[PDB]
Each structure stands twice: as structure tokens, then as C-alpha cells.
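This report refers to the structure that appears directly beneath it.
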Amino acid sequence: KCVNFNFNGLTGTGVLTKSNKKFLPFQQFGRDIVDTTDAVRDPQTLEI
Amino acid sequence: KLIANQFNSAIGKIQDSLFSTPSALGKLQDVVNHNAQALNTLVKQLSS
Ligand SMILES: *[C@@H]1O[C@H](CO)[C@@H](O[C@@H]2O[C@H](CO)[C@@H](O[C@@H]3O[C@H](CO)[C@@H](O)[C@H](O)[C@@H]3O)[C@H](O)[C@H]2NC(C)=O)[C@H](O)[C@H]1NC(C)=O
């Protein structure tokens with residue numbers, strides 16, 4: 001759904017979906033070719 | 001007959017020239033690349 005979100009202080013609007021990106025256990029965020037945030041890790045479940 | 005054969009050979013040569021020379025259509029790829037650069041730069045400037 002199109003929702004507002006606040007992820008550990010990161011504020012924005014968008015549609016959240018299940019990710020197929022392979023983050024390392026260390027990595028918490030993803031960005032595309034233009035340094036726009038396009039992925040987060042849920043702070044409670046650690047879901048990407 | 002000679003004229004028709006020379007024409008047909010020249011057309012086959014056009015196909016071989018365009019197929020085998022990646023740079024043959026450079027003017028159009030350059031237009032595409034310049035528009036891609038202009039938009040990538042415009043979006044990247046948002047991170048400044
Ligand atoms: C004007 O120039 C054309 C070439 O642009 C001349 O026609 C060419 O003539 C040569 C023979 O002198 C042909 O070569 C032969 O082709 C046959 C094909 O079966 C091959 O078996 C032979 O062993 C030899 O390779 C050539 O194919 C031919 N080219 C064309 C497009 O017809 C023409 O004779 C010239 N005319 C004058 C008045 O000089």
C-alpha cells in the first residue's frame with residue numbers, strides 16, 4: 001500500500017514490498033544508481 | 001543486368017556494413033546518450 005513510514009528516524013512515503021535483494025547481515029539500507037533510498041531493513045523483524 | 005547486379009551487391013554491402021560496424025549509427029546513439037546524461041545529472045543534483 002502507499003503509506004507514510006518512519007524507519008529508525010528515516011521518514012518518507014512509498015509502497016513497501018517484499019525484497020529479493022541479498023543484503024549482508026551488516027548492511028541495513030539499499031540505494032539505486034542515483035543515491036535514492038530504495039530499501040530498508042525492518043528494525044524489529046530484520047526483514048528487507 | 002549489370003546495373004541490377006551492381007545494385008543488389010551494393011545493398012548486400014549496406015547490410016554487411018551496418019551489421020559489422022558498431023559505430024555506423026553513432027549519431028543516434030550519441031543523441032540518446034546525451035539525453036540520458038542530462039537526466040542522470042539532473043537527478044544526481046538532488047543529492048547535493
Ligand atoms: C564493367 O565492370 C563490370 C564489373 O563492375 C564488368 O563485369 C564483370 O566482369 C567480370 C569478368 O571480366 C566478371 O567476373 C566473372 O564472373 C563470373 C561469374 O560467374 C565468374 O565465373 C568468372 O570467373 C569471373 O569472376 C564479373 O562478375 C562481372 N561483374 C558484374 C557485376 O557483372 C564488366 O564486364 C565491365 N565492362 C567493361 C566493358 O569493361
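Cβ: placed from backbone, ideal geometry, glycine included. Neighbour counts: every protein chain shown. Nothing in this text is a laboratory measurement; each read-out follows from the coordinates by a stated rule.
Counting only C-alpha contacts under 8 Å and six or more residues apart, can you give the relative contact order of chain A as a whole percent?
Numbers: 49 pairs, mean separation 13.3, N = 48.
Once normalised by length, the contact order is 28 percent.
If you fit an axis through the alpha-carbon atoms of helix B:26-44 and take the longest principal axis of the Cα set of chain B, what angle between them do you get, 0 to 90°, nearest 10?
Tilt relative to chain B: about 10 degrees.
Counting only the backbone N, which residues of the stretch A:23-37 are under 19 Å from the spot 7 Å out from the Cα of B:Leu42 toward its beta-carbon?
It comes to A:33-36, nothing else.
Report, to the nearest 10°, how far helix B:2-20 tilts away from the longest principal axis of the Cα atoms in chain B, using its own Cα long axis and a range of 0 to 90°.
30 degrees
Using the count of nearby Cβ atoms within 10 Å as a rough guide to exposure, how do A:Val40, A:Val34, A:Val3 rank from fewest to most?
A:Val3, A:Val34, A:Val40
Round to a whole angstrom and tell me the spacing of the C-alpha centers of the stretch B:1-25 and chain A.
53 Å
Within the stretch A:2-48, list the chymotrypsin sites (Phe, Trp or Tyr not before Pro) lying in a DSSP loop whose Cβ has at most 14 other Cβ atoms in a 10 Å radius.
Answer by residue number: A:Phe23, A:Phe26.
What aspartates and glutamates could a cross-link reach from A:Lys18, if we take a straight Cα to Cα line under 19 Å and drop same-chain neighbours fewer than 8 places away?
Partners within reach: A:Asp32, A:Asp38, A:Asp42, A:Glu47.
Taking neighbour counts of Cβ atoms within 10 Å as a proxy for exposure, in what order, fewest first, do A:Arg31, A:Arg41 appear? Can you show the working numbers first?
Details: A:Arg31 11, A:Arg41 17.
Ordered by Cβ neighbours within 10 Å, fewest first: A:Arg31, A:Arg41.
Sort A:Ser19, B:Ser9 so the one with the fewest other Cβ atoms within 10 Å of its own Cβ comes first.
Going from sparsest to densest Cβ surroundings: B:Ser9, A:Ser19.
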